[PDB]
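Asks: Got a sequence here, can you model it:
(one chain, ligands or ions: 6)
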Amino acid sequence: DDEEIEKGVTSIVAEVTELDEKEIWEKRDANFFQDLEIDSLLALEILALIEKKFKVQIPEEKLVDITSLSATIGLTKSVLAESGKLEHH
Ligand SMILES: [Zn+2]
Ligand SMILES: [Zn+2]
Ligand SMILES: [Zn+2]
Ligand SMILES: [Zn+2]
Ligand SMILES: [Zn+2]
Ligand SMILES: [Zn+2]
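Replies: Numbering: from 1, shown residues only. Ligands and ions are numbered 1, 2, ... in the order given. Now the structure:
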């Protein structure tokens, strides 16, 4: 479900970065490491929490595309589609 994925990923990134969910959402097209003070350890932790939340496996190599909230949401959606459990509109 698009909305459920967008809110679940926003919640994860807000928790990891210790920022507000609304403010993260406003900065959804912003670059993670340039603008919102993220590390590689924090991106690894986002990836892990997304795996657990949506009950999916995501290969490590995909840390390449954890570069913005929008990119992370797109990653989650594509990985859900590969698992036959995305309902997109
Ligand atoms: Zn819904
Ligand atoms: Zn949307
Ligand atoms: Zn803290
Ligand atoms: Zn808050
Ligand atoms: Zn956009
Ligand atoms: Zn994994």
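
Asks: separation between residue 64 and residue 11?
Replies: 23 Å (CB to CB, to the nearest Å). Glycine gets a C-beta too; all of them are placed from N, C-alpha and C.

Asks: And for residue 4?
Replies: Applying CB to CB to residue 4 and residue 11 gives a distance of 11 Å.

Asks: Please say which of the two ends up with more neighbours.
Replies: Using other CB atoms under 10 Å, the more surrounded residue of residue 4 and residue 11 is residue 11, with 14 against 10.

Asks: any idea how far that one is from residue 54?
Replies: Residue 11 is 12 Å from residue 54, where distance means CB to CB.

Asks: And residue 1, by the same measure?
Replies: 11 Å.

Asks: Comparing the two, which residue is more hemmed in?
Replies: Set residue 1 next to residue 54 and count neighbours by other CB under 10 Å: residue 54 wins out with 20 against 13.

Asks: what's near enough to touch the residue most central in space within the chain?
Replies: Centrality entry for the chain: nearest residue to the mean C-alpha point is residue 72, 3.6 Å, by CA atoms, centre = their mean. Neighbour list for residue 72: 9, 13, 46, 50, 65-66 [criterion: CB atoms under 8 Å, 6 or more residues apart in numbering].

Asks: change it to 6 Å
Replies: Residues near residue 72 by CB atoms under 6 Å, 6 or more residues apart in numbering: 9, 66.

Asks: Quick check: buried residues in the helix or strand hosting it?
Replies: Residue 72 is part of helix 69-82, with elements assigned from DSSP states H and E. Neighbour-count burial for helix 69-82, with 16 or more other CB atoms under 10 Å as criterion, is recorded at 69, 71-73, 75-77, 79-80.
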